[PDB]
Amino acid sequence: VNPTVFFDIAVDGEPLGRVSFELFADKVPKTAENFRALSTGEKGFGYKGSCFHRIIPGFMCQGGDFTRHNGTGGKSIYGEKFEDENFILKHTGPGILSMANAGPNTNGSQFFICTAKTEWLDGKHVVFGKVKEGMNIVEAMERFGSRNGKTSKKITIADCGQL
Ligand SMILES: COC(=O)[C@@H]1CCCN(C(=O)[C@H](Cc2cccc(O)c2)NC(=O)[C@@H](NC(C)=O)C(C)C)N1
C-alpha cells in the first residue's frame, strides 16, 4: 500500500538517473501524502523542475524548494506549513528521506536524503520514506556537493511522479 515515487535527476541538464522512494504512509500518512502529491504535481505545483540546493558529502542532499530555489521557500499541499506528524521513524542510515524544517511544526515541501546515519536529528525532523532504487544515483549526486553545501553543477529533478 505504501506509495512509490520517483525522481529523474539531471546534472546541468544532462540525465543522470532515477531515484525511487518508498513513502511510509502506514506510519506518517499526512507527511507521505504531501510528498506523494508534490511528486505527481496533481495539485498544480510540486517538485518537477526544482533543484537540490544544498549537498554535503557524507551527510545529506537537500531539495524541495520549488518556489525560491535556494532553501528559503517551498509550501505543502495543506498550506504554507504543517505539523510534525510524529517521530516514530528514526534516521537509521543512508537513504532515509526526512523533512527539513525551521522549528517545531513548520514542515513545507523541503526534504533531505541522508547519505549517512544522522541520529542526532531523531525527534526533530520527521522521517517519512526511504530510497528504494537508485541509492547509487544519490551517491553520484553527492559528488557534486561540497563542505559548505554549494553544488558545483546544477542538480535538478527533471521529472518525477508515482510508480
Ligand atoms: C547544513 O545542514 C543543513 O543545511 C540542514 C540539513 C537537513 C535539512 N535542513 C533543515 O531542515 C534546515 C535546519 C537545519 C537542520 C540541521 C542542521 C542545520 O544546519 C540546519 N532548515 C532549513 O533549511 C529551513 N529553515 C531555515 C531557517 O533555514 C528551510 C527548510 C525553510 N538543512
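Going by Swiss-Prot, the residues shown for chain A are 2-164, listed in order.
Just so you know, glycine gets a Cβ as well, placed from its N, Cα and C.
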Record feature SUMO2 cross-link (Swiss-Prot), assigned residue among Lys82, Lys91, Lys154: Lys82
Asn71, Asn108 - residue that Swiss-Prot labels as N-linked glycosylation site: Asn108
Residue carrying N6-acetyllysine as stated in Swiss-Prot, selected out of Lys76, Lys155: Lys76
Candidate set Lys28, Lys118, annotation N6-acetyllysine, source Swiss-Prot, matching residue: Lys28
Candidates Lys28, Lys44, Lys76, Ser77, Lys82 (recorded positions) - the one closest to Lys131 (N6-acetyllysine) by CA: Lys28
Listed recorded positions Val2, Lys44, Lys82, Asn108, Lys125, filtered to Cα within 10 Å of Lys76 (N6-acetyllysine): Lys82, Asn108
DSSP-derived structure type at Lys28 (ubiquitin cross-link), helix or strand or else coil: coil
Of the recorded positions listed as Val2, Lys28, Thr93, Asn108, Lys125, the one whose CA lies nearest the CA of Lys82 (SUMO2 cross-link): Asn108
Among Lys76, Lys82, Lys131, which are recorded positions, the residue with the most C-beta atoms within 10 angstroms of its C-beta: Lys131
Inter-residue Cα distance where the pair is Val2 (N-acetylvaline) and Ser77 (phosphoserine), in Å: 22
